[PDB]
């Protein structure tokens, strides 16, 4: 999903993929992988997005985490895990 928000921000600016990659100082293919979600949004990328597009690094990272946590939540055996008690 983070890639969707990035592309939506770019559409509003009328900025193309190549112009985005150029400003981000990344290769075109890396930019595409980021926008399509084929490449996770790392801390360095979060920092770059904050400067180049806007908002804070955490905002971008949280979009990533929200998507990752949403996916992993149903794959974890939370049903059998228990809260630790004071020993």
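Positions refer to the first chain, counted from 1.
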| property | result |
| --- | --- |
| Segment of higher mean CA temperature factor, 64-72 or 14-22 | 64-72 |
| Segment of higher mean CA temperature factor, 78-86 or 2-10 | 2-10 |
| Given 51, 27, 40, 45, the residue at which the Cα B factor reaches its maximum | 40 |
| Ranked against its chain, the third holding the CA B-factor of residue 56 | lowest |
